[PDB]
Ligand code: CLA
Ligand code: CLA
Ligand code: CLA
Ligand code: SF4
Ligand code: SF4
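Pasting the structure below:
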C-alpha cells in the first residue's frame, strides 16, 4: 500500500544517481519501513555495469 | 667608483657556482633530515 | 541463407559495401569530370 | 629464510670482510677513519692525473691531478660529516653513533689528504 | 591514514568486505536495510587506498567511499 | 581586380606556370617511342593539363602574384562579381548532403528505439528499413523545418539527465 | 607406451552461418549482445584468445590447428 | 572464543627460501606471523614467490607486511578450506592478534561489533568544501 505499483514506470529524482531524470521499471517496494524500499530496473547500465538500484519514496515520481 | 676589479669573476664564479652551493646543499640536507624534539 | 544475409547486414560488412560504393562513385565522377575546382 | 648462497654465506669471504677496517671492531673510530681514508685517497689521484684536462702537460699534470684529488677528498669528508649529523641524532659498535661518526669523518679527512699527498710524492 | 566512510544506502551485500585485501572492513548488525546488516570500517589504519571496495559496491552512487589522506608505512604498503 | 587580384586568363604568371608543367611532361616523353604505352599515357596527361588551365581561365577565377587561383568567400563579393561557384554555391551543396546523411541516420535511430531490442538493430543493420529511409531523406529540409515548428525536434529539459551542480 | 597413431573425431562441428549472425558467440560474457560501445572492442580483443573461451585443451588445440 | 596466544616454536612449511622475504624493517618496526592447521601435506604458493610444502598439523610463516599474510589467508581458505589466523609482532616482543578480530571472519555478520565510520546520510548530502574551510587542516566534507 506504500509506493508505486509493481511494473509501473517512474522517473528518478536523485541528482547523484546515474539515472537522474530517466525512466525505469519498478520491481518491488519494501513494506518494512526501510530507508530505500523502492527497487527500480533500467534498460541501460551505469558505468559499473549495474542496471538496478534502490530509491526512497520521495526520490521517484510516476512517468510524467 | 662603481667598476669592480678585473679579477672579480675569478673569485665570484667559483664562489657562487661551487662553494655556496656546497654549503647550501649541506644546510638543506641537514635541515630536512632534522627530527622534531 | 537467412543467416548468411544476416551476416552481410552486420556493421563491418555494411560499412565495407557502403564505402566501397561511396568511394567508387566519387572515383568515377572524377574520372569523367577531372579536376573539379569551381562549380561553374 | 633468505636465499642461502656461497657469495652470501661462505667461510673465505666472511673472513676477508671481517679483517677490513669497516668491520674490524675494537679499533677506535678515528683510527679506522685514517686507515680507510689513506686507501681511498691514494687511489683517488690516479684517474685525475692520467685523464685530466692538463694530462698532456709534462710537469703540471702531476700537480693539477693530485690537487683535484685532494679537493674531492675534502668534498667526501663533508659528505661523511653531514651523514653522521642526519643519521645519528638520538649501537653495539662505537662507530655507529653521533660521537663515533664525527671522529670517523675527521680521520677520513686526515688520512685521505695524507694519501693524496703520499701518492704525489711517489711520482716526484 | 586514509578515510573510509559507509553511507546509509548500504544494502549489506558484503561485497566490499570480501574485496578488501587488508581486512579493513566488516559487517555489523543494522535495521536500515532488508539484509539487516551494514558495512563498517573499524581498522582504517591498515587501509592502503586500493579502492577495491568501491569497485565491488553495487549501490549507485557508492555506499563506501575512500578519501586518500596522510601517508605512512602501512598506508603506503611498504615491506621495508 | 578584387583585393588586388587579376583574372587568371590575363595573368602572366599563370600562363608561365602552364608552360613549366607541360615542359616537364615533354622532357619525359622524348625518352620513349611514338606510340608506346608510356608515350600514350604521357600524352593523355598533357591533354588534361591543357584542358585544366583552359577551364580555370574560362571559369573566370582570380590569380594572385603567385599565379594560382584564389577563391572568394564573402557572399556579397561573390554574387557581385560572379564568383558564386567557388564557395557560395558549394556551401549550400554540402549542407544539403550533410543534412541528408544526418537526417536519415536520425530517422533510423528513432525507428529502432521502438523495437524490443534496439541495441541489436544497431550492430546488425535493418537493411530494408535503412533503404526506405534513405530515399525519403531527399526532402529532409522540408521535414526538418516542420519538426522544428511543431516542437518535436528537441527533447524536454526535464527528460535529459544532467550531473549535480 | 601409448602408440603413436592418427586419432580424429568425425563431424565435431556443423558448418552453418547461424553463428556468423551472432557476434560474441565464442564468449559467455559477450554472447548477450552490446549495451555500451565497450562491447565492440571486447569482441575483437578476445576473438583469438582461445584459451579463455574454453577450459578444454582439446578444443583449444583444434582451433589453433585450423587457424 | 578467546584471543589465541602465538607459539613461536610452531613448525614452518618446507621451503628452500627466497630473496622475497623479510628485510631490515622486520628488525626495527614490525613483522607479521600467520599460523594454521593442515590436514595433510600439500604444496601451496608463497606470496613472496615460489612453492612451499605445508607440514601436516600446525604451520607458521613470517611476512613483511599485513597484505602478504592476508593474501596467503585467501589462498588457504578458498582452495584448501583452512582457517588461518595471523598476528602483528613488534621487535620488543609484543604480539598483537588480528583477523579474525573477534574470531569470526568479517564477511559474516556477528553480534557485538560496533559500527565505525558510518555516516547516516548519502554521498549527495555532504556539505560544500567552503563550509569546512579554515578548520585547522585539510578536511573533506565527508569527515564532518
Ligand atoms: C660554476 C661551476 C663550476 C666550476 C667553477 C668548475 C670548475 C672546473 N671544472 Mg667543472 N663541472 C661543473 C661545474 C663547475 N666546474 C659541473 C656542474 C659539472 C658537472 C656537469 C662539472 C664537471 C666537470 C668535470 C668532469 C671536470 C671539470 C673540471 C673543471 C676544471 C676545469 C679547468 C681546469 O683545467 O682545472 C684544472 C684544475 C686544477 C689545476 C685544480 C683546481 C682546484 C681543485 C679542483 C680544488 C682545490 C681544493 C683545495 C686544494 C682545498 C680546498 C680549498 C677551498 C676550501 C677554498 C675546473 C676546476 C675538470 C677538472 O680538471 O676537474 C678536476 C674536469 O675534469 N668539471
Ligand atoms: C660516463 C661517462 C664519461 C666518461 C667515462 C668520461 C671521461 C672523461 N671525462 Mg667526461 N663528461 C661526461 C661523461 C664522461 N666523461 C659528461 C656526461 C659530461 C658533461 C657533463 C662530461 C664533461 C667533461 C668535462 C668538462 C671534462 C671531462 C673530462 C673527462 C676525463 C677525466 C674525467 C675525470 O677526471 O674523472 C675522474 C675519475 C674518477 C674520480 C674515478 C672514475 C671511476 C672509477 C675508474 C671507477 C672504478 C671502479 C672499480 C673498477 C671498482 C672495483 C671494485 C673492486 C675493488 C671490488 C675523462 C676522459 C675532463 C677532460 O679533460 O677530459 C679530457 C674534463 O675536463 N668530461
Ligand atoms: C562573416 C561575416 C561577413 C563579413 C566580415 C563581411 C564583409 C563584407 N561584406 Mg558580406 N555578407 C556576409 C558575411 C560577411 N560579410 C553574409 C553572411 C552575407 C549574407 C549571405 C553577406 C552579404 C553581403 C552583401 C550583399 C554585401 C556584402 C558586402 C560586404 C563588404 C562590405 C559591407 C559589409 O558587409 O561590412 C561588414 C560586414 C558586416 C557588419 C556583417 C554583415 C554584412 C551584411 C550582411 C551586408 C552589408 C552590405 C552593405 C550594406 C553594402 C553597402 C554598399 C557597400 C559598397 C559599402 C565586406 C567585405 C558588400 C560588398 O560587396 O561590398 C564590396 C555587399 O554588397 N556582404
Ligand atoms: S558498502 Fe556497498 S558493497 Fe559494502 S555492504 Fe554496503 S552496499 Fe554492499
Ligand atoms: S581502499 Fe582497499 S584497503 Fe581500503 S577499505 Fe577499500 S579495499 Fe580495503
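Protein chains in written order, with the deposited numbering: chain E, 34 to 97; chain I, 68 to 104; chain J, 1 to 40; chain L, 53 to 142, 157 to 190; chain C, 2 to 81; chain F, 63 to 227; chain A, 10 to 76; chain D, 53 to 196.
No residue lacks a Cβ here, since even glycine has one placed at the ideal position from N, Cα and C.
Residue i classed as buried or exposed, judged by whether at least 16 other C-beta atoms fall within 10 angstroms
i                     : result
residue 169 (chain L) : buried
residue 38 (chain C)  : buried
residue 120 (chain D) : buried
residue 181 (chain L) : buried
residue 180 (chain F) : exposed
residue 103 (chain I) : exposed
residue 177 (chain L) : buried
residue 33 (chain A)  : buried
residue 57 (chain A)  : exposed
residue 61 (chain L)  : exposed
residue 91 (chain I)  : exposed
residue 136 (chain F) : exposed
residue 188 (chain L) : exposed
residue 151 (chain D) : buried
residue 173 (chain D) : exposed
residue 78 (chain J)  : No statement about residue 78 (chain J) is possible, as the shown extent of chain J runs from 1 to 40 and does not include it.
residue 69 (chain C)  : exposed
Pair within 7 Å by beta-carbon distance, residue i and residue j
i                     : j                     : result
residue 124 (chain F) : residue 67 (chain F)  : yes
residue 166 (chain L) : residue 73 (chain L)  : no
residue 91 (chain L)  : residue 121 (chain L) : no
residue 47 (chain C)  : residue 118 (chain D) : yes
residue 84 (chain F)  : residue 104 (chain F) : no
residue 163 (chain F) : residue 9 (chain J)   : no
residue 4 (chain J)   : residue 26 (chain A)  : yes
residue 71 (chain D)  : residue 112 (chain D) : no
residue 35 (chain J)  : residue 168 (chain F) : no
residue 163 (chain L) : residue 174 (chain L) : no
residue 49 (chain E)  : residue 73 (chain D)  : no
residue 85 (chain D)  : residue 114 (chain D) : yes
First and last residue of the uninterrupted beta strand (DSSP E) at residue i
i                    : result
residue 88 (chain D) : 83-90
residue 93 (chain E) : 93-95
residue 87 (chain E) : 85-88
Short CB-CB distance (under 7 Å) between residue i and chain E
i                     : result
residue 51 (chain A)  : no
residue 223 (chain F) : yes
Proximity test, Cβ basis, 7 Å: residue i and chain L
i                    : result
residue 97 (chain I) : yes
residue 91 (chain I) : no
residue 71 (chain D) : yes
Any C-beta of chain D under 7 Å from that of residue i
i                     : result
residue 161 (chain L) : no
residue 38 (chain C)  : yes
Residue(s) in a DSSP beta bridge with residue i
i                     : result
residue 70 (chain D)  : L:54
residue 141 (chain D) : D:83, D:147
residue 114 (chain D) : D:85
residue 131 (chain F) : F:125
residue 142 (chain L) : For residue 142 (chain L), which the question treats as bridged, DSSP gives no partner whatsoever.
residue 30 (chain C)  : C:38
residue 104 (chain D) : D:96
residue 170 (chain D) : C:7
residue 26 (chain A)  : In DSSP, residue 26 (chain A) forms no bridge with anything.
Span of the alpha helix (DSSP H) around residue i
i                     : result
residue 131 (chain L) : 112-139
residue 164 (chain F) : 150-175
residue 203 (chain F) : 202-212
residue 61 (chain E)  : That residue, residue 61 (chain E), is in no alpha helix (DSSP H); its beta strand (DSSP E) goes 56-62.
residue 16 (chain C)  : 16-20
residue 71 (chain A)  : 66-75
residue 110 (chain F) : 99-120
residue 68 (chain L)  : 63-70
Contact test: residue i Cβ vs ligand 7 heavy atom, cutoff 6 Å
i                    : result
residue 53 (chain C) : What this structure holds is ligand 1, ligand 2, ligand 3, ligand 4 and ligand 5, not ligand 7.
Proximity test, Cβ basis, 7 Å: residue i and chain J
i                     : result
residue 151 (chain F) : yes
Residue-chain proximity (residue i, chain C), Cβ-Cβ < 7 Å
i                    : result
residue 61 (chain E) : no
Residue i at chain F interface by Cβ criterion, 7 Å
i                    : result
residue 42 (chain A) : yes
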